[PDB]
Structures are given as structure tokens and as C-alpha cells.
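Next up: a single chain in C-alpha cells, the form deposited in one PDB entry.
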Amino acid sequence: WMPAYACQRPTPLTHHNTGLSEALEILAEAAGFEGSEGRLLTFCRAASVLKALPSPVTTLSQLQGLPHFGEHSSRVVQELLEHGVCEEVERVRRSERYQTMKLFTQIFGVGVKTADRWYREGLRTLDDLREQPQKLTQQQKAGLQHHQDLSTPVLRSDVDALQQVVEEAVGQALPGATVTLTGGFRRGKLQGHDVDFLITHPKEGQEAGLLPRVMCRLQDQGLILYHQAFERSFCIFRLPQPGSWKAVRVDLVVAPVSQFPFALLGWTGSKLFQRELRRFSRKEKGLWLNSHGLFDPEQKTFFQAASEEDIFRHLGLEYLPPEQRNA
């Protein structure tokens, strides 16, 4: 009744089991902070199953037969159904480890391994990190300086303004080039932690060398607070606000038009949706999927796709619009 891969089922942005999925996602996050990738994936997948259900889970029997619910995930749900709280989840939430790893990994430039090393050195607060800049990269320095703004949700209102500004620079860098909104906003989210754009040009090959030209133009307009031949840029942008401005994370990616469907699919996400789709591709269909293409390793050939619809058809999956990829 419920297929086992998230790419086999529609997952809307808002759903009927918000509280249950949020709890499982706490345990998933905590597993990641400990390096337990398998447990992170199971808890993420169990959470996603609940997002795909057509109505609220009210009784434990409704978990019977659902993929990715075993003893542990089912006990979490049972406790939430019976008591409104799961003791394990609440213990994680208030733990010094969870709170500090979350605070540290939320920094742009800091991943689990860096956060964990700082944790073991006894560091606990952003001010702890500011006092020891000897230990910070230029990227991490930027992430820490801008941390407060970057912690403030980006709004869909902000996105339209940013896109016009990116389009202006893109059009000077390469007339005819296009800018497409991707990531969470393309899936219908009303706010986000960053804004994701995919850039291409209708004439194959004309996109070569494009992103340095775009970045130089944005920098000359005073709009770049931070950035690093390249085709992906992870920037911090200066975004107007009434009488002031705020820093916003923006990701720019260039793809040749031949690869655009694959890049659009990949950069539209969700992150879990894409991992599940690539796992499905490889394990169920024997095809290797990434944001550049879809490879048949028996015939040693790449599938040509003109659309995301083509890619779903290639993989034998019913098409899901971006708004239903919120796994």
C-alpha cells in the first residue's frame, strides 16, 4: 500500500503527521551527529513515510505494514500517541551534545567532524569559537560573522528580488543565459535557509566559463559578502531590507542545457528524495543517476533527457511535480 522508496510516492510540503515526523527527525539528526549514517537514514525514511500518509496516525496498528517502521520507530510513535512526548526524543533535545552539535553544524563552513572536534575540546558556544579564531578557516569566519542573519528565514518575498539581481548579472555575463529557481522554494516552501539557482544557456557549450563572469559582476555591484574555473558557487549575498540589508546564503550552479533536466532534478531535492531516487535507480533499475546524467553501465550509454518527465519515465516511476518531492 505504501512503497518503500520515497521517490515512489507523493510527499506534499504540509501533511497530517507533523508532530510524529518532527520527533523521528530529531533522532535522525542526532544519529548523524554521532556518525551513524544508517540509523540517520532509517529515521529519515520513517519520518518521510508519515509525511506521505493521507491522514493522521492515531493508533499503533496503523503502522503495521508501513516500510521503515520497526521496533524503535514504532516505540517512538507509540509514546507520542500515549503521552504526547517520547522520553528518548526529549532527552536528546535537552542534551548538551545535541544542542552544541546542532549549533556548530548550523555554521556555514562547519560540518559534523569539525563540530565534534570542537565539542571534545570543550567548546560549547559561538563566543567560544570567536575567542579562538586561530582555529577558523576564512569560510568559517564568514559563517560565524554572518551567523545571526543566516539563522533568520529567507522569505519568498526575498527570493523574487534576488532573482532579478542574479538575472541582471547573468544577462551581462552571457546574453541569452537563463536563471531558474530550484531547491526548497521550487518545491513550494514559503521560507528557507538559502536560495538556490540553476543557470544555463540554450546553445550547448556557451555556458562554459560562465560562473566566474557572473560572480565578478555581482562582486562589482557590491552584492557579495562572501564567496570562494568553477560551476557551483556557495555565496553570502547582501540583500536589501527597509533602511538596511541582511546577509543571505545563495547557491549558484551552472549546467549545460544537455544536462539541465538532470541538474534541475538534483537541485530541486528534497535531499532525501534525491538520495532515494538515486538509490532506486541503482538498486532497482541498474542505472547510475547524478546531476549530470543517467548512465547505463551495461550498454555504457547515457540517457538523453529533455525534461524531468523524461527522467521519471526512464526510471519507470510516475512523474512527481516538485511540490510532491518533499520527502
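Just count from 1 along the sequence shown to find any residue number. We call the rigid core the largest set of C-alpha positions that still match within 1.5 Å between the two forms. Only residues modelled in both forms are compared.
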property	result
Deposited-sequence gap flanked by residue 228 and residue 229	10 or more
Entry-level comparison of average CA B-factors, 260-268 and 64-72, reporting the higher stretch	64-72
Comparing 52-60 with 269-277, the one whose average Cα B-factor in the PDB entry is higher	52-60
Residue, from 124, 102, 232, 187, that the PDB entry assigns the highest Cα B-factor	124
Deposited CA B-factor, highest of 195, 150, 174, 161	161
CA B-factor placement of residue 182, once the chain's modelled residues are sorted into thirds	lowest
Record-listed C-alpha B factor of residue 201: chain third	lowest
Residue 214 by Cα B-factor - lowest, middle or highest third of the modelled chain	lowest
Cα B factor band for residue 327 (lowest, middle or highest third within the chain)	middle
Position of residue 146 among the chain's modelled residues by C-alpha B-factor, lowest, middle or highest third	lowest
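This next part talks about the form deposited in another entry, which is not shown.
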property	result
Mobile segments between the shown form and the other one - rigid core superposition, Cα shift of 2 Å or more, 3+ residues	58-65
